[PDB]
Structure formats: C-alpha cells, structure tokens
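Below is one structure, written out as structure tokens; comments come after it.
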Amino acid sequence: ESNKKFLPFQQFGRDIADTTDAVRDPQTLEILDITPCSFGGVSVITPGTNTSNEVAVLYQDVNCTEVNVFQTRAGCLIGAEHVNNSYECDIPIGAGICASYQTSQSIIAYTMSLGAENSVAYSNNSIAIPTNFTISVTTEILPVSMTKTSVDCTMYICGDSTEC
Amino acid sequence: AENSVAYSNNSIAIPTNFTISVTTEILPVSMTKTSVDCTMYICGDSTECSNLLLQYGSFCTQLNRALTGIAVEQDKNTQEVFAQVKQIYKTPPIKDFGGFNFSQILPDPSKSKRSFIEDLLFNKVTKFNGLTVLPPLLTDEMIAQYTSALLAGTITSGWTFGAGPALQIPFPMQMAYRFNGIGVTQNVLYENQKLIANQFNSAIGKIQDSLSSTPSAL
Amino acid sequence: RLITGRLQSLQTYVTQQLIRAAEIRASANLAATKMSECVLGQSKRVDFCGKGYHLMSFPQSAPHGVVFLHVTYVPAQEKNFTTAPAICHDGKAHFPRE
Amino acid sequence: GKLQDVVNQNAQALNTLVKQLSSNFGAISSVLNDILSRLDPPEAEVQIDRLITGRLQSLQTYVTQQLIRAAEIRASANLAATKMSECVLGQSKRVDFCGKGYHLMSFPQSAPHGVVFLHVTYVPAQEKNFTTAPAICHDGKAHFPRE
Amino acid sequence: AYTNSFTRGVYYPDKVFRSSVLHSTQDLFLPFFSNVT
Ligand SMILES: *[C@@H]1O[C@H](CO)[C@@H](O)[C@H](O)[C@H]1NC(C)=O
Ligand SMILES: *[C@@H]1O[C@H](CO)[C@@H](O)[C@H](O)[C@H]1NC(C)=O
C-alpha cells in the first residue's frame with residue numbers, strides 16, 4: 001500500500017534509473033509500491049576445520065523472514081549466538097559485528113571493541129618520565145617483483161591452425 | 001603578485017612576532033563496497049539466457065572475485081588510517097589545558113557522539129539487478145571513537161603515545177617541546193602563552209566557518 | 001547479441017573500478033602516513049603537514065574520508081637588520097653557537 | 001602472507017587464462033581441429049570467428065588485470081626502495097615509518113619476490129610520575145632548562 | 001499577425017509519474033520563443 005499521490009491521468013511510476021517503481025491499480029484507483037523480492041548472497045562464517053566443523057550462515061540484506069537467529073545490519077545471521085560482551089574482532093561481518101568461536105564452545109556474534117580502555121592521569125603539573133627501555137625488533141614484509149610472464153598471440157589463440 | 005626581496009650581502013631580516021595558523025586538509029580514504037551478480041544482472045529471471053552464459057566459461061567468476069577484492073580492501077584502507085592506537089584514551093574531566101580550547105574538535109556529550117567540527121563535515125556531504133552495497137566493517141560511530149583516542153592521546157601525552165607507553169605532560173609544557181622543535185626557544189612560548197592560546201583558539205574557530213560558509217570545501 | 005553486449009558493459013565497469021580503487025588506496029596510504037607523522041609526532045618535512053612550521057595536527061573523521069587540522073607556526077612582522085659572519089675582538093674570530 | 005598473496009594472484013590469473021580455452025563462446029566446439037573437420041570452410045569461418053573473438057577478449061582481460069596488478073607492485077617496490085634509503089642507509093625521524101618506536105637501525109633480509117626489514121627500535125618503558133615546573137625563580141629571574 | 005510563444009506548448013509525453021526529477025525526453029514539442037501565427 002503506497003503513499004505517493006499520482007496525477008489523475010498517470011498509471012506508471014519511475015525512479016531516476018528509469019526503473020518501474022509504482023503502479024496505479026486499474027480496477028481500484030490505488031497506488032502500489034513495488035520492491036523487488038529479496039536477493040543477495042550467502043556467506044558461511046566458520047572457524048578452521050582444524051578447530052571445528054560448526055559453521056554459521058549469514059544471508060546478506062534480508063529481514064530473516066525469507067529464509068539462534070540474529071538480525072544485524074549486514075543481514076540475517078543463522079547459527080551464531082549473540083553475546084552482550086565485546087571482544088577483539090575475529091571474523092568480520094559488517095557494521096561492527098564480528099563473530100568468533102569461543103566457549104561447550106560455539107559461535108558467537110558480538111559487537112567488536114576498539115581496543116582496551118585507558119585514561120592518562122593528566123594534570124597541569126604532573127609529568128611522567130621513563131626510567132628503563134627495551135630494544136624491540138619488528139619485521140616488515142614487502143613485495144617487490146612478480147613473475148615475468150609472456151604470452152604469444154598465435155600459439156594461444158590459434159595453436160597449430162593456419163586457417164585461424 | 002610580484003615581489004623582489006631586498007637582498008644585500010650584509011642585510012638579514014628576522015621576524016619579531018608570529019601567528020598560529022590552523023589549516024584544513026581533506027583526503028578520501030574509502031569507497032562504497034559494491035558487488036554485482038552475474039546471473040541477475042545479465043539474465044535476470046531467464047533460464048534460457050543463463051544456460052547460454054555458461055559457454056563463456058568463468059568470465060564472471062572473475063568479476064565477483066575482482067569486485068570482492070576491492071571491497072575487502074576498502075575496509076583495510078579505513079583500518080590503516082584510524083586503527084593505529086591500541087588503548088582508547090580519554091581526556092580528563094577537567095579542561096585546564098594551559099588555556100587552550102579544544103571544544104570544537106573534542107567529542108561533546110550534547111549529541112552520534114561526534115564533535116562540533118565532525119558534524120559539519122557529516123551534515124555537508126550527503127537495486128533490481130544484483131547491485132548489492134555491502135556495509136563498512138567499522139561503522140561511523142566506531143571511526144569517531146578512534147579519532148577521539150588520537151585526539152585525547154595527543155592532548156594529554158603528545159607524541160609519546162605512538163612510540164610506546166603513553167607518558168602524560170602538561171599541554172602548556174608540551175607546546176614548548178613543539179616550539180623547541182622548530183628552532184624557537186622554550187621561553188618564547190611561556191612568555192607569550194596567553195597570546196598563543198588566543199591565537200590557537202581563534203584559528204580553530206575559523207575552521208567551522210570556512211566549512212560552513214562555502215560548501216565546496218569538501 | 002544481448003549477453004555479449006552486457007558482458008562488455010559489466011567488464012568495463014569492473015575495470016574502471018579497479019583503476020579508481022587504486023586511486024583511493026594511494027589516498028588511504030597518504031592519510032595513513034599523514035597520521036603517523038603529522039598527528040602522532042611532529043614533522044620536519046616541508047609542506048607535508050600544512051604550509052608553515054609544523055606544530056601538531058588533529059584528525060577529524062568525515063564520510064569516506066578524514067580531515068587533518070594542521071596547526072602550524074607562521075613567522076610574522078619581519079624587521080631588517082645588519083648581519084656579520086663573525087666578529088673579531090682579540091684577533092680571533094667568534095661565531096655564534098645557535 | 002604478503003609475498004605469498006602475490007604468487008597466488010598471478011597463478012590464478014594464468015590458470016583462468018588457460019581454462020578459458022575450454023569455452024565455446026557461442027561456437028559449436030572448443031577444439032580448433034574438431035570445428036575445422038566437422039564443417040566446411042564457408043561455415044567454419046563463422047565458428048572460427050566466434051572462438052577467436054572470445055579468445056581475444058580473454059587475452060585482452062588478462063593483460064589489463066596484469067597492468068593494474070603490476071602497478072600495485074611498483075608502488076611497493078618504490079616503498080621498499082624508500083624504506084631502504086631511509087631506514088637502512090641512515091636513521092629515520094619519520095614516525096612509524098621504520099617500525100613502531102624510536103628508530104635505531106634496520107637490516108634488510110631478502111625473500112622470494114620480496115624483502116623483509118627488521119626495524120630495530122628503542123621503546124621507553126617503566127614510566128614514573130613526577131612533578132614538573134615550566135621554570136624556577138632563584139634571584140628574581142626565571143630559569144629554563146637547556147635540554 | 002505574428003506573436004512570440006514565450007514558454008507555452010509543453011505537455012506530458014507519457015502517463016508515468018516522476019517526483020523531483022529532471023527528465024530529458026525527445027518528442028514533438030513547441031520550440032521555445034517561437035513565432036505563433
Ligand atoms: C522486518 O519485518 C518486520 C515485520 O514484522 C518489520 O517490522 C521490520 O521493520 C523489518 N525489519 C527490517 C530490518 O527490514
Ligand atoms: C518572427 O519572430 C521575429 C523575432 O523573433 C519577429 O521579428 C518576426 O516579426 C516574426 N515573424 C516573422 C513572420 O518573421
């Protein structure tokens with residue numbers, strides 16, 4: 001049941017992309033909204049098979065009514081508990097939801113936390129000064145080259161064919 | 001505009017005052033994570049079309065792979081920029097930063113716990129064929145929680161929080177470190193702290209106007 | 001005829017996406033670098049963190065972006081003077097320390 | 001995983017290039033000799049045209065994704081060349097460029113299609129609270145620390 | 001006599017309903033600022 005107010009002589013509705021949007025019913029002159037029935041993708045949220053074979057399925061952009069059942073902004077999450085805590089992100093989902101396999105143990109779906117809280121004891125005369133140190137050595141890996149691959153026209157397209 | 005410096009072999013010019021100018025730089029960091037389906041876009045609800053499409057092989061097993069790699073990377077772009085600090089720092093409940101005023105950049109609890117300036121940026125800037133737009137992994141409330149950690153860590157600790165354990169230092173004193181790092185002695189700031197605090201506060205205020213006046217800034 | 005026409009139209013869109021997404025990665029790497037060096041420390045690279053002598057910067061988020069407020073110290077009110085490389089007092093040359 | 005991801009991306013792109021040879025592109029058969037023997041030259045020319053056009057695009061696509069990918073590696077070979085001029089061959093003052101800390105020195109280590117930097121950095125530890133003062137007065141004059 | 005048709009002569013080329021859209025269509029319209037006999 002739509003809300004647009006068509007003109008007296010109008011029977012169609014269109015968007016910017018020239019896609020049909022609303023229709024006026026010929027029998028009862030009432031305007032109807034058209035929304036395509038839900039589609040999307042299926043994603044399987046899983047810890048490694050090295051750990052378990054229990055997976056959780058997420059249906060992207062679905063109201064859970066078209067498919068223990070958690071509804072997020074990414075879509076309908078089936079098979080994962082919803083916890084009110086907040087841990088570090090393990091498996092991203094979307095809109096801040098990260099699922100993880102933890103304690104028996106099952107798959108949860110929490111809202112990820114942005115690191116551990118800390119407040120600096122700041123005053124207008126207090127300064128903190130280190131007294132020791134550590135010499136830490138970190139590793140950085142960077143790709144620098146690829147494989148020099150060449151492909152021939154005649155052999156790839158018409159391999160051993162004079163007519164081709 | 002033309003200018004010629006009065007240059008001689010014994011004449012030197014030396015400044016006697018200064019100004020604390022605060023400029024704005026805007027940088028794009030991410031895009032919309034858009035994915036497009038092969039079957040629905042090309043042969044939407046057509047079995048005959050779908051069967052013939054299979055003759056092309058895996059042309060659009062690549063496209064769903066290409067458009068995904070973009071999308072999983074758009075979330076890395078946002079993570080490298082903001083997610084640089086580990087502990088979520090906070091400003092003290094007091095605000096006696098030597099007389100410097102950060103209310104226009106710091107979050108305010110009178111609202112979306114964004115700040116004054118962040119809201120100006122957010123106000124200003126404003127399907128039938130498998131066009132699915134994925135949601136960003138970090139929602140804008142988390143991102144603005146990240147820039148408050150960087151803002152609050154800078155104000156209380158300086159540069160000591162991106163290099164190791166966060167060590168606090170008074171903001172009146174930290175600016176003496178910053179001044180001392182551009183060739184100007186410490187006592188220049190201390191003797192003129194009252195003037196400098198006003199120059200910093202006044203320059204920040206013009207930022208909101210500069211974005212609010214002309215909409216072509218962003 | 002239609003599917004081939006629609007394959008190219010989908011093929012073109014992804015290619016322009018790959019070129020455009022690489023233009024944003026070069027801006028997300030610059031903003032990640034302007035935050036490590038301007039915000040989380042004081043910079044000595046000229047015109048990197050604003051035109052002036054860099055003091056500090058404050059990030060502000062924005063939709064699909066980031067805004068840096070580069071606090072810089074600008075000299076003003078220059079005055080002419082007369083300079084000298086060195087001065088002699090006792091037959092020896094004196095150079096300023098700093 | 002950074003150097004390995006480069007290897008997988010190239011191999012998958014090449015394997016997809018090869019497997020595209022087993023596609024009809026609207027022709028009768030994917031084998032060149034089979035379509036040649038089965039039909040007459042007046043008709044096989046049309047079926048030949050359908051395959052080659054399908055194989056031109058499949059080769060055209062592969063090179064384009066190579067040009068985009070090779071420009072992603074040149075932006076990493078320019079960064080590694082810059083992290084060696086500034087981190088290894090001299091001490092850096094750019095924050096978080098050569099590792100998280102205060103940079104001391106770095107040592108390059110080669111790797112297959114890549115390079116590994118070991119960023120030796122000095123990290124402060126064991127902070128202690130104190131009470132600070134901008135200046136001290138002794139004889140009616142203000143004293144500021146030198147360094 | 002002749003007169004100047006300032007802005008009149010514009011009609012709905014179809015039934016469809018468009019809200020806050022600057023649609024551009026090619027059909028037989030009265031040219032702007034024309035000469036009406
Ligand atoms: C799902 O449908 C229900 C009807 O019970 C509606 O109230 C709700 O808003 C819908 N949710 C979403 C996320 O569209
Ligand atoms: C046509 O229009 C012109 C100017 O628009 C006007 O001068 C003229 O009288 C009109 N009529 C004819 C018949 O030219």
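Identifiers for the structure tokens are assigned positionally: chains receive A, B, ... in sequence, residues are indexed from 1 per chain, and ligands are indexed from 1 in the order shown.
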Which residues sit within 12 Å of ligand 1, counting only C-alpha atoms and all ligand atoms, listed as a PDB file with N, CA and C atoms, in the first residue's frame?
```
ATOM      1  N   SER A  38      13.435 -10.139  -2.022  1.00  0.00           N
ATOM      2  CA  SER A  38      14.798 -10.071  -1.510  1.00  0.00           C
ATOM      3  C   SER A  38      15.732 -11.023  -2.238  1.00  0.00           C
ATOM      4  N   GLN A  60      22.837 -12.027   3.326  1.00  0.00           N
ATOM      5  CA  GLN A  60      23.095 -10.597   3.257  1.00  0.00           C
ATOM      6  C   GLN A  60      21.856  -9.838   2.803  1.00  0.00           C
ATOM      7  N   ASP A  61      21.517  -8.779   3.538  1.00  0.00           N
ATOM      8  CA  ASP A  61      20.408  -7.887   3.200  1.00  0.00           C
ATOM      9  C   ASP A  61      19.083  -8.648   3.134  1.00  0.00           C
ATOM     10  N   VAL A  62      18.681  -9.191   4.282  1.00  0.00           N
ATOM     11  CA  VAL A  62      17.463  -9.984   4.409  1.00  0.00           C
ATOM     12  C   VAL A  62      16.903  -9.788   5.813  1.00  0.00           C
ATOM     13  N   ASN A  63      15.574  -9.748   5.920  1.00  0.00           N
ATOM     14  CA  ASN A  63      14.884  -9.451   7.167  1.00  0.00           C
ATOM     15  C   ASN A  63      14.581 -10.698   8.002  1.00  0.00           C
ATOM     16  N   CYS A  64      15.283 -11.804   7.765  1.00  0.00           N
ATOM     17  CA  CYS A  64      15.157 -13.070   8.489  1.00  0.00           C
ATOM     18  C   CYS A  64      13.835 -13.781   8.243  1.00  0.00           C
ATOM     19  N   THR A  65      12.896 -13.169   7.528  1.00  0.00           N
ATOM     20  CA  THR A  65      11.581 -13.747   7.310  1.00  0.00           C
ATOM     21  C   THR A  65      11.445 -14.393   5.943  1.00  0.00           C
ATOM     22  N   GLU A  66      12.538 -14.500   5.189  1.00  0.00           N
ATOM     23  CA  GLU A  66      12.501 -15.065   3.851  1.00  0.00           C
ATOM     24  C   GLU A  66      13.376 -16.296   3.688  1.00  0.00           C
ATOM     25  N   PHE A  70      19.979 -14.268  14.630  1.00  0.00           N
ATOM     26  CA  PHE A  70      20.352 -12.903  14.966  1.00  0.00           C
ATOM     27  C   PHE A  70      20.227 -12.037  13.725  1.00  0.00           C
ATOM     28  N   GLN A  71      19.623 -10.866  13.876  1.00  0.00           N
ATOM     29  CA  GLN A  71      19.412  -9.946  12.767  1.00  0.00           C
ATOM     30  C   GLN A  71      20.306  -8.730  12.959  1.00  0.00           C
ATOM     31  N   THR A  72      21.183  -8.486  11.992  1.00  0.00           N
ATOM     32  CA  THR A  72      22.160  -7.406  12.022  1.00  0.00           C
ATOM     33  C   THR A  72      21.928  -6.474  10.838  1.00  0.00           C
ATOM     34  N   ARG A  73      22.829  -5.501  10.680  1.00  0.00           N
ATOM     35  CA  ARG A  73      22.779  -4.630   9.516  1.00  0.00           C
ATOM     36  C   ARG A  73      23.310  -5.304   8.262  1.00  0.00           C
ATOM     37  N   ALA A  74      24.218  -6.266   8.403  1.00  0.00           N
ATOM     38  CA  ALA A  74      24.693  -6.999   7.240  1.00  0.00           C
ATOM     39  C   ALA A  74      23.643  -7.962   6.710  1.00  0.00           C
ATOM     40  N   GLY A  75      22.856  -8.564   7.591  1.00  0.00           N
ATOM     41  CA  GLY A  75      21.820  -9.483   7.166  1.00  0.00           C
ATOM     42  C   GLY A  75      21.470 -10.443   8.287  1.00  0.00           C
ATOM     43  N   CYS A  76      20.708 -11.469   7.924  1.00  0.00           N
ATOM     44  CA  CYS A  76      20.202 -12.445   8.879  1.00  0.00           C
ATOM     45  C   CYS A  76      21.287 -13.464   9.196  1.00  0.00           C
TER      46      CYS A  76
END
```
Give me, as a PyMOL selection string, the set of residues whose atoms come within 10 Å of any atom of ligand 2, counting only C-alpha atoms and all ligand atoms.
chain E and resi 1-5+33-37
Contact residues around residue 81 (chain B) with only C-alpha atoms at 9 Å, ignoring same-chain residues under 2 positions, as a PyMOL selection string:
(chain B and resi 29+76-79+83-84) or (chain C and resi 28-36+66)
Preceding selection exported with N, CA and C atoms as an mmCIF file, in the first residue's frame:
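Just written: result_5.cif:
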```cif
data_model
loop_
_atom_site.group_PDB
_atom_site.id
_atom_site.type_symbol
_atom_site.label_atom_id
_atom_site.label_comp_id
_atom_site.auth_asym_id
_atom_site.auth_seq_id
_atom_site.Cartn_x
_atom_site.Cartn_y
_atom_site.Cartn_z
ATOM 1 N N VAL B 29 39.396 8.229 1.804
ATOM 2 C CA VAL B 29 40.051 7.060 2.374
ATOM 3 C C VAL B 29 39.385 5.761 1.922
ATOM 4 N N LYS B 76 40.367 -2.317 4.620
ATOM 5 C CA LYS B 76 41.741 -2.177 5.071
ATOM 6 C C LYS B 76 42.168 -0.723 5.048
ATOM 7 N N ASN B 77 41.764 0.018 4.015
ATOM 8 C CA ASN B 77 42.079 1.439 3.937
ATOM 9 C C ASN B 77 41.631 2.166 5.191
ATOM 10 N N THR B 78 40.403 1.914 5.625
ATOM 11 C CA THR B 78 39.890 2.567 6.817
ATOM 12 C C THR B 78 40.616 2.101 8.068
ATOM 13 N N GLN B 79 41.104 0.864 8.075
ATOM 14 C CA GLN B 79 41.770 0.330 9.256
ATOM 15 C C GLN B 79 43.186 0.872 9.403
ATOM 16 N N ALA B 83 42.809 2.979 12.845
ATOM 17 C CA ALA B 83 43.159 1.955 13.822
ATOM 18 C C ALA B 83 44.677 1.869 13.963
ATOM 19 N N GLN B 84 45.252 2.936 14.508
ATOM 20 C CA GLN B 84 46.687 2.995 14.727
ATOM 21 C C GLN B 84 47.073 2.988 16.191
ATOM 22 N N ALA C 28 44.479 6.551 0.781
ATOM 23 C CA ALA C 28 44.417 5.948 2.104
ATOM 24 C C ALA C 28 45.799 5.655 2.648
ATOM 25 N N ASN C 29 46.786 5.486 1.769
ATOM 26 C CA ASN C 29 48.165 5.338 2.211
ATOM 27 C C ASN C 29 48.790 6.678 2.546
ATOM 28 N N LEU C 30 48.330 7.752 1.911
ATOM 29 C CA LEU C 30 48.820 9.076 2.266
ATOM 30 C C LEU C 30 48.199 9.564 3.564
ATOM 31 N N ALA C 31 46.906 9.320 3.758
ATOM 32 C CA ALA C 31 46.258 9.716 5.001
ATOM 33 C C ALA C 31 46.756 8.886 6.171
ATOM 34 N N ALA C 32 47.088 7.619 5.935
ATOM 35 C CA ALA C 32 47.694 6.805 6.982
ATOM 36 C C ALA C 32 49.096 7.283 7.308
ATOM 37 N N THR C 33 49.765 7.902 6.338
ATOM 38 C CA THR C 33 51.098 8.457 6.537
ATOM 39 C C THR C 33 51.049 9.856 7.116
ATOM 40 N N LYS C 34 50.014 10.620 6.803
ATOM 41 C CA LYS C 34 49.873 11.927 7.410
ATOM 42 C C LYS C 34 49.366 11.842 8.829
ATOM 43 N N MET C 35 48.925 10.671 9.270
ATOM 44 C CA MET C 35 48.547 10.474 10.656
ATOM 45 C C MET C 35 49.655 9.886 11.495
ATOM 46 N N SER C 36 50.523 9.079 10.909
ATOM 47 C CA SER C 36 51.668 8.574 11.637
ATOM 48 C C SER C 36 52.702 9.649 11.878
ATOM 49 N N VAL C 66 38.844 11.735 5.783
ATOM 50 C CA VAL C 66 39.435 12.236 7.014
ATOM 51 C C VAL C 66 39.895 13.660 6.766
#
```
With DSSP run on the backbone, what are the strand (DSSP E or B) residues within chain D? I'd like them as a ChimeraX atom specification.
/D:102-111,114-131,136-137,142-143
Let me make sure I understand: among C:27, C:43, C:8, C:15, which one has the smallest atom-to-atom distance to chain B if we use only C-alpha atoms?
C:27
Contacts of residue 77 (chain C) within 12 Å, only C-alpha atoms, excl. fewer than 5 positions in-chain, as a ChimeraX atom specification
/B:13-19
Once you have the residues from the selection above, write them out as a PDB file, in the first residue's frame, restricted to N, CA, C and O atoms.
```
ATOM      1  N   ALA B  13      66.864  39.725   7.507  1.00  0.00           N
ATOM      2  CA  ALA B  13      65.558  40.045   8.066  1.00  0.00           C
ATOM      3  C   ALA B  13      65.191  38.988   9.090  1.00  0.00           C
ATOM      4  O   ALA B  13      65.388  37.796   8.850  1.00  0.00           O
ATOM      5  N   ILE B  14      64.677  39.420  10.233  1.00  0.00           N
ATOM      6  CA  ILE B  14      64.346  38.497  11.312  1.00  0.00           C
ATOM      7  C   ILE B  14      62.934  38.787  11.804  1.00  0.00           C
ATOM      8  O   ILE B  14      62.600  39.949  12.057  1.00  0.00           O
ATOM      9  N   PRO B  15      62.075  37.783  11.938  1.00  0.00           N
ATOM     10  CA  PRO B  15      60.729  38.039  12.445  1.00  0.00           C
ATOM     11  C   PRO B  15      60.761  38.444  13.906  1.00  0.00           C
ATOM     12  O   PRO B  15      61.696  38.127  14.642  1.00  0.00           O
ATOM     13  N   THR B  16      59.731  39.178  14.315  1.00  0.00           N
ATOM     14  CA  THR B  16      59.601  39.615  15.694  1.00  0.00           C
ATOM     15  C   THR B  16      58.340  39.115  16.378  1.00  0.00           C
ATOM     16  O   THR B  16      58.280  39.128  17.609  1.00  0.00           O
ATOM     17  N   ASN B  17      57.344  38.671  15.620  1.00  0.00           N
ATOM     18  CA  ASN B  17      56.119  38.114  16.170  1.00  0.00           C
ATOM     19  C   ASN B  17      55.828  36.827  15.412  1.00  0.00           C
ATOM     20  O   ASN B  17      56.690  36.296  14.709  1.00  0.00           O
ATOM     21  N   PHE B  18      54.613  36.313  15.558  1.00  0.00           N
ATOM     22  CA  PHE B  18      54.229  35.088  14.873  1.00  0.00           C
ATOM     23  C   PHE B  18      52.717  34.978  14.864  1.00  0.00           C
ATOM     24  O   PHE B  18      52.015  35.745  15.523  1.00  0.00           O
ATOM     25  N   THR B  19      52.224  34.006  14.106  1.00  0.00           N
ATOM     26  CA  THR B  19      50.819  33.641  14.152  1.00  0.00           C
ATOM     27  C   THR B  19      50.701  32.129  14.128  1.00  0.00           C
ATOM     28  O   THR B  19      51.511  31.447  13.503  1.00  0.00           O
TER      29      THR B  19
END
```
Determine which residues of chain B sit within 8 Å of chain C, taking into account only C-alpha atoms, and present them as a PyMOL selection string.
chain B and resi 10-31+42-43+49+53+63+66-67+70+77-78+80-82+105+117-118+121-122+125+140+143-144+147+150-151+154+158-159+161-162+175+178-179+182
